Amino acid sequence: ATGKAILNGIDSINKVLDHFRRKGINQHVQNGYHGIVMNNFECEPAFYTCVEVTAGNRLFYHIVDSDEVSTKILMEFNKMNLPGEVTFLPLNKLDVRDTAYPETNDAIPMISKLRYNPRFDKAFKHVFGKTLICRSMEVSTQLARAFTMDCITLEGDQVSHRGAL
């Protein structure tokens, strides 16, 4: 289910960081590397399906302190001709803004169900900040076209903010 180029990227990055660790170099990269999105939150298992459907491959984006940490990882990644595709969420550059969620009995902001440390807040607002978890697919369509926001049900059915299913 998960693409091999992503899995290769995870392993190649694990290689780069271990090399930095064993050689006692690039401490700021080591400090600044936080792992993939999937390993930095928990939620209740009832929400597993709609969280994985909303995140898609961004579950395997790498959370990092900064763009400098990203490009230092990539400079050694590419020096070693390592396999994979990697995508970084650099906390000091993510320009995501806070979202006004609607008052409703029918829906919940998905980010309100994710347990993560607030230092990763810009990363999780980027991935999940614009998504409502709704009771039904009936109510997702009305909520998406009333407050222009992606909607999704607990069983995985989605309604887009533009109006696509």
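Throughout, we count residues from 1 along the sequence that is shown.
Colleague: Can you tell me whether 35-43 has a higher mean C-alpha B factor than 132-140 in this record, or the other way round?
Modeller: The recorded data point to 132-140.
Colleague: Do the CA atoms of 88-96 or those of 74-82 have the higher mean B-factor in the entry?
Modeller: Going by the record's values, the stretch with the higher mean is 74-82.
Colleague: Per the coordinate record, which of the options 68, 103, 121, 52 holds the highest CA temperature factor?
Modeller: Of 68, 103, 121, 52, 103 has the highest C-alpha B-factor.
Colleague: Lowest, middle or highest third: which one holds residue 24 when the chain's residues are ordered by CA B-factor from the entry?
Modeller: Lowest third of the chain for residue 24's C-alpha B-factor.
Colleague: If you rank the chain by CA B-factor, which third does residue 107 end up in: lowest, middle or highest?
Modeller: It belongs to the highest third of the chain when residues are ordered by C-alpha B-factor.
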